[PDB]
Amino acid sequence: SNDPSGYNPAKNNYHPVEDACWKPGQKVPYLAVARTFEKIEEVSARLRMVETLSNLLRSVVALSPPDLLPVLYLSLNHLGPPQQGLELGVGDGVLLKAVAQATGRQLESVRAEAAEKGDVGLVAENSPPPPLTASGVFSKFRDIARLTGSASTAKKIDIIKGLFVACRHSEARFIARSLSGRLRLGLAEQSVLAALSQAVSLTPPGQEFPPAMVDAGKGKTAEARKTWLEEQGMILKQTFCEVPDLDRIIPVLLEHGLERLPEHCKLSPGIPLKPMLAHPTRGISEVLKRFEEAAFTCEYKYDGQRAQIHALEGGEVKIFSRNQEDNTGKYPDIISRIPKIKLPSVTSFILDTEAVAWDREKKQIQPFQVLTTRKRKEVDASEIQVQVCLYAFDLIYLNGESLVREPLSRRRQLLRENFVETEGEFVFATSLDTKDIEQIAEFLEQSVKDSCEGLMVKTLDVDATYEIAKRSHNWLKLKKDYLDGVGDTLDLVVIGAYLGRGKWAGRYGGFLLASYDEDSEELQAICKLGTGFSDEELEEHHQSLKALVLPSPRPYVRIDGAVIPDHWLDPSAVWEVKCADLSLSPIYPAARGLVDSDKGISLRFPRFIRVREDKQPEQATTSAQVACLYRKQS
DNA sequence: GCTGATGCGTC
DNA sequence: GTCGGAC
DNA sequence: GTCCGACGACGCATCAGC
Ligand SMILES: *OP(=O)(O)OC[C@H]1O[C@@H](n2cnc3c(N)ncnc32)[C@H](O)[C@@H]1O
Ligand code: NA
């Protein structure tokens, strides 16, 4: 209706027609989306965020149904279905250059302000064409992603500058955040799905305008309304988990409604699905708690990458990553061995496996780092140098039957009976069915001796299905580095700090750490650190370290190719840091030359544990000790 | 034709 | 990937 | 328990600059 500047989607008793800031048939203004984002970031209760987004979506459904799909993508900061692999090719680098040119400022002034403010959007905002539309912005995002080849970056920057030129009010803030891949509203995929099912439930699509039914919940008690919306939410959520593709779902949702959705969109080979995830567990006793009276199995947790393998009726094979990226082209070796792993009675399947690097000469697992050296796309079978062994642990679909609602006890049995193991090519995950604490503890220890991270734990019959909408983190993961007093901890020196973002703007969000090389009496950067501290600890760090800020680095500190810290720090603080493994680093100088001529050592999954108030830098972990820790990984 | 910086996926 | 915090 | 924002190392693929 009126100026989108005053649009209030957090309004109590929000009316999808009377409270919209645009007219029926009008394109949804982008400022309407931005104002919704603003009202979402103002609150901390997710349910209030969902309500606010639901209000916007109800207006879109009632007034401008063609804009529902772009509005949803803008709210997710997605470009399209993940298996299509669309990429902006735009990060803070390209974006800050576009802002500098748009605002006519020096790139270094923009870069410094962005770091101080903790957000690129704030610089673009505080620094004539028609108003932007939601579908117009989304299409320009897609134009950026389709630009390739030489001189393509300059063309991307041209589009970004044109967007910023047309921005009003808060629009530039959220364009910049979206382009940088850091929307971070506090509302993401789960809340967007909750808002969508609520929106189409309360304001059914496909009504003749003006819609006779703008609030289908008004005739229900609060109790009945909540039960109804929860059921509708599960329909949408479970369908999406099986078909996480809005290009497919939304046209069906608009035409046939949410109740008929499962009839049109069903799990099928060749369409990636969401994978089942795992919740961390701190000890074997904790496991026995959450699985008190439910039989469960323990499996080795292999150190590779997830490979969801689809065999379609007719013989076509597709492979997808855990985030639904198409990996078919990177695994020609897997595609060729499918006839060898499945019995001839199998006509279609979806397998859940871990692809692990495998040394055929030595017949043993290789580290994850080796696996990542494989090529990623347009790979021909003859050129493969790092061989892969598949460790299969689940079966989601078989001979036309979805197993999503079947217990693991049955899925595992169909897996074990219809597929064939070959050493070093296709194996079932090593497993143990027991409830004895002593056998589990020995099994955990043996998993690490056999080159694995620890154990996966899964119920066999109680809440043991593959229904992600019911619970996405339905499995438990028990890694040895979760256990207190177990795993590698290091005492490292804080040599630099990185300015924080969003909530921590003006404070520190990360730090640069170093080990002490006795042979050269130098502090060598080993890794950055940005997790493990409580909010109180991170605030105290910002306080205690202010007295250490240096204008210039000490001459005995070496960081080589590490990211230069925003603030150098006088080497003094020593922190205890835990990691899962030590890796061979091309960038960090710590211990460079002690295990490899050109590469130093860094930490895998580093996290802060506590301050070592009783240690000075000269008693910190030495580069020689780092090298020793790396070697003992064998 | 090559190198290094950047982007974005893996874990 | 790990972690902490609001709900 | 759920969800989400904070942050980590690392590789290939790509393209700007040379
Ligand atoms: O730490 P995390 O949540 O990413 O762990 C889950 C991942 O672990 C991998 N994995 C390895 N071995 C298994 C088994 N046996 N079962 C399930 N997952 C397993 C997967 O890649 C998973 O995403
Ligand atoms: Na990243």
Side-chain angles (χ1 to χ4, degrees), chain A residues 41 43-50 82 85-95 97 118 147-154 156 180-194 277-280 290 303-307 321-325 327 330 354-355 367-377 379 386 453 471-474 477 479 481-482 498 500-504 507-513 526-538 561-563 577-588 599 601-609:
Chain A
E41 59 179 9
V43 304
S44 47
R46 210 172 48 78
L47 296 176
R48 181 60 252 181
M49 303 177 191
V50 172
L86 264 42
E87 298 176 356
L88 287 178
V90 171
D92 288 318
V94 176
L95 183 58
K97 184 177 181 182
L147 284 166
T148 68
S150 58
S152 63
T153 302
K156 295 176 175 179
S180 80
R182 296 199 196 83
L183 194 51
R184 307 301 108 95
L185 295 172
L187 160 146
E189 179 172 293
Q190 299 309 308
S191 296
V192 170
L193 287 171
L277 305 177
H279 184 77
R290 221 194 87 165
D303 195 351
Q305 59 205 8
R306 211 180 189 144
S321 76
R322 75 122 67 189
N323 282 322
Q324 297 84 71
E325 297 282 330
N327 289 352
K330 94 191 286 186
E354 189 80 352
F368 170 75
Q369 228 187 324
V370 177
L371 180 63
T372 60
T373 64
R374 306 215 353 169
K375 296 185 164 170
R376 284 196 303 183
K377 53 211 269 196
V379 186
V386 177
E453 301 178 331
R471 170 171 294 171
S472 51
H473 295 71
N474 200 39
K477 56 182 172 184
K479 310 188 178 182
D481 57 283
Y482 296 165
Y498 302 91
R501 295 184 179 80
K503 148 158 72 167
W504 294 94
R507 294 182 163 97
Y508 298 148
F511 305 89
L512 183 63
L513 308 179
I526 185 164
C527 73
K528 297 185 293 185
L529 189 73
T531 190
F533 1 76
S534 66
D535 285 7
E536 192 175 4
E537 287 175 319
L538 185 54
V563 177
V577 175
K578 192 164 195 178
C579 62
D581 286 307
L582 299 93
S583 48
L584 254 189
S585 175
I587 67 160
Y588 283 104
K599 294 179 178 175
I601 299 166
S602 192
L603 308 188
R604 194 188 193 191
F605 310 154
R607 56 269 200 181
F608 174 85
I609 303 302

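Numbers restart at 1 for each chain; the letters A, B, ... are given by sequence-line order, proteins then strands.
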As a test of reading the structure: which of D/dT2, D/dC15, D/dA9 is closest to the side chain of A/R471, going by heavy atoms? D/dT2

How would you label the contact of A/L584 with the nucleic acid (heavy atoms, under 4.0 Å): base, sugar-phosphate, or nothing? sugar-phosphate

For the pair made of NZ in A/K156 and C1' in B/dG7, what is the distance, rounded to whole Å? 9 Å

With a non-hydrogen cut-off below 4.0 angstrom, is A/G85 in contact with a base, only sugar-phosphate, or nothing? nothing

Check every strand shown and say whether A/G510 touches a base, only sugar-phosphate, or nothing at a heavy-atom separation below 4.0 Å. nothing

State whether the side chain of A/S583 and the backbone N or O of A/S585 hold a donor-acceptor pair below 3.5 Å, judged by distance alone. no

Earlier contact from the 5' end, DNA chain D, for A/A151 and A/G502: A/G502

At less than 4.0 Å, is any side-chain N or O atom of A/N323 found next to OP1 or OP2 of B/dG9? Yes or no. no

Taking every non-hydrogen atom, the tightest pair across A/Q305 and A/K330: NE2-NZ, 3.7 Å

Determine the contact category for A/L371: base if any of its heavy atoms lies under 4.0 Å from a base atom, sugar-phosphate if only primed atoms, P, OP1 or OP2 are that close, otherwise nothing. nothing

How is the sugar of D/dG8 puckered by the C1'-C2'-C3'-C4' sign, north or south? north

Side chain of A/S191 - closest among D/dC10, D/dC4, B/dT10: D/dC4

Under 4.0 angstrom between A/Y588 side-chain N/O and D/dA9 OP1 or OP2: yes

Please confirm whether the shortest side-chain N or O distance from A/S150 to OP1 or OP2 of D/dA16 is below 4.0 Å. no

Looking only at B/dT10, D/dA16, D/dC10, the nucleotide nearest the A/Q305 side chain is B/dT10

Please report, rounded to the nearest Å, how far the P atom of D/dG8 is from the CD1 atom of A/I587. 11 Å

For A/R48, does the CZ atom have more than 12 heavy-atom neighbours from other residues, nucleotides or ligands under 6.0 Å away? yes

Sign check on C1'-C2'-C3'-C4' at C/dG1 (positive = north, negative = south) puts the sugar north

To the nearest Å, how far apart are A/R306 CZ and B/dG9 P? 18 Å

So if I define the base as every atom that isn't primed, P, OP1 or OP2, how would nucleotides 1-7 of chain C read as a B/S/- string at a heavy-atom cutoff under 4.0 Å? SBBSSSS

Among B/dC11, D/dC15, D/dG11, find the nucleotide with the atom closest to the side chain of A/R604. B/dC11

Atom NZ of A/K97: over 12 foreign heavy atoms under 6.0 Å: no

Which part of the nucleic acid, if any, lies within reach of A/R182 when heavy atoms closer than 4.0 Å are counted: base, sugar-phosphate only, or nothing? nothing

B/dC8 to C/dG1 separation - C1' atoms, rounded to the nearest Å: 15 Å

State which of D/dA6, D/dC4, B/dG7 makes the closest approach to the side chain of A/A188. D/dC4

Is a side-chain N or O of A/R501 found less than 3.5 angstrom from the main chain of A/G509, in a donor-acceptor match? no

Residues two or more places apart in sequence or in another chain: which of them pass ring pair (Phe, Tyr, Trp, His ring centres under 6.0 Å) with A/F608? A/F533, A/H541, A/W575

Base, sugar-phosphate alone, or nothing: which one does A/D303 contact when heavy atoms must sit under 4.0 Å apart? nothing

When you compare the side chains of A/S191 and A/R46, does any donor N or O come within less than 3.5 Å of an acceptor on the partner? yes

Outcome for D/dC12 when its sugar is typed by the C1'-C2'-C3'-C4' torsion: south

Outcome for D/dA9 when its sugar is typed by the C1'-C2'-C3'-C4' torsion: south

Nucleotide nearest A/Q190 (side chain, heavy atoms from C-beta), chosen from D/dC3, D/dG11, D/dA9: D/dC3

Tell me every residue that passes side-chain contact (heavy atoms from CB on, under 4.5 Å) with A/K528, counting only those two or more places apart in sequence or in another chain. A/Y498, A/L512, A/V563, A/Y588

If I pick the P atom on B/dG7 and the same atom on C/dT2, what distance separates them, to the nearest angstrom? 26 Å

Measure from the side chain of A/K377, starting at C-beta and using heavy atoms only, and say which of D/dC10, B/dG9, D/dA13 lies closest. D/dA13

For A/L183 and A/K599, take the nucleotide of DNA chain D holding the closest heavy atom to each; which residue's nucleotide lies nearer the 5' end? A/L183

Between B/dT10, B/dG7, D/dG8, which one does the side chain of A/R376 approach most closely? B/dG7

Look at A/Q369 and D/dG11 and indicate whether a side-chain polar atom (N or O) is within less than 4.0 Å of OP1 or OP2. yes

Between A/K578 and A/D481, is there a donor-acceptor pair closer than 3.5 Å when you use the side chain of the first and the backbone of the second? yes

Check whether any side-chain N or O of A/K375 sits under 4.0 Å from OP1 or OP2 of D/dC12, and answer yes or no. no

